[PDB]
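For reference, the structure I am asking about is given below.
Letters A, B, C and D name the chains as they come in the text, with residue numbers starting at 1 for each one.
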């Protein structure tokens, strides 16, 4: 599972998720969004179930990106929540919440939701 | 903001979120849920906008917990996405996605959503 | 439950949700948002569990508003999903998804999520 | 758009969404889930932007189903929020919130979130 997660993945938008799974449940790496207020790589940190149910279930996981790096600050952060499923078409299936830093009038409209599917090719 | 975030926070359910904000946008610490399939502390990792808009906006952030530690494994992970707002009633306002590792029949029913409000007291 | 739901409710933002619960599980009425691209009343339609579990559980429900009326069109619709809980502090607790009509480039950023609490006073 | 919406649609799970779009922004029809605690048809009610932006944008919409009919009561309701996009591969792209009627201890775990893609074939 650690073997399976670690690597470079791509989502349907052409974004690039580069991750290492530590044996202790850690996720570390970089993210590059093909869309939005973003350019180049951004740090990411997250967690996964390092002793997943052996009954052929997926492995639960999450990570976060703060959309600040040396090129831009989009005053925002995305968390993806989902599962890794192994096999020859390996997948990370996620849903995500993007919160954007705001004042307390438009804070009702503070958070976007979506879904990303990450694969090992394309 | 780093000064303001670092500390112990409590949500409306009586859960305990202990966090350190690194100067580089890192969030590290522990989480203890008062509810669900959980006991004691669990590792957490996340990210925040370390150069937030000075126009009195909140600071965007996220973190993840994999619900595995030495006592239990709930085959699941929660990501909270939201903002920190300073002042004398400081708040972290979040929304969250809990994904539970599953087989590919009930995977439509894989993810819970909610909201947590974290304060410095109670 | 039909007795309890029907009426005028207010959310934390000062919005006004006026609803009739039909005996057949129907919800009909009007909504007026205190925020966003909106003014005056808008039609709403929805559904509730008209034979709720008698074990003191809440009653599940949803409704939709298309943000078009004779004054404005915000090219968008909100659905609230949640439960009605009776008693002397009666509550409808919801989460909501607002989708905004878009082209297929920004469609990743198409849907906002939030939560509203509706009460019988204020 | 009214012409385009009205009809029978299918989602990736094999569910059947039968809808009529009234000229006044109404959505009425039936839903049959291929999954979960459900069988046969259930009433649905919803709303759409009946004067959508002509700039080739999608048309915003929502609907609700209370999972009660003459065969079962699943003490729950789903709202789908999303957009209709016309053309020869017409699509309704949605996200959904399923709330399940509960007591006030597990109410933190009250709402599932997902996404459905509806097409005119299969």
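Heads up, the rule we're going with is that a contact is a pair of C-beta atoms (placed from the backbone, for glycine too) under 8 Å apart; a residue touches a chain by one contact, two chains touch by 3 or more.
**Q** Given the two chain pairs B-C and B-D, which is bridged by the higher number of C-beta pairs in contact?
**A** By the number of C-beta pairs in contact, the winner is B-D.
**Q** Could you figure out which pair among C-D, A-C or A-D mirrors the A-B interface, over half of its contact pairs being identical by residue number?
**A** C-D
**Q** Quick check: how many Å separate the C-alpha centres of chain B and chain C?
**A** Going by mean C-alpha positions, chain B sits 28 Å from chain C.
**Q** With chain centres taken as the means of their Cα atoms, state the distance from chain B to chain D in Å.
**A** 31
**Q** For chain D, which residues are shared contacts with two or more other chains?
**A** 95, 97-98, 110-111, 113-114
**Q** Give every residue of chain C touching chain D within the complex, in rising order.
**A** Of all residues in chain C, those touching chain D are 24-27, 43-53, 55-68, 73, 75-83, 85, 93-104, 107, 110-111.
**Q** Taking the touch rule as given, give the residues of chain C at its contact with chain A in the complex, in rising order.
**A** For chain C paired with chain A, touching residues are 13, 35-36, 97-98, 105, 108-114.
**Q** Spell out the part of chain D that touches chain A in their complex, as residue ranges.
**A** Spelled out, the residues of chain D in touch with chain A are 95, 113-115.
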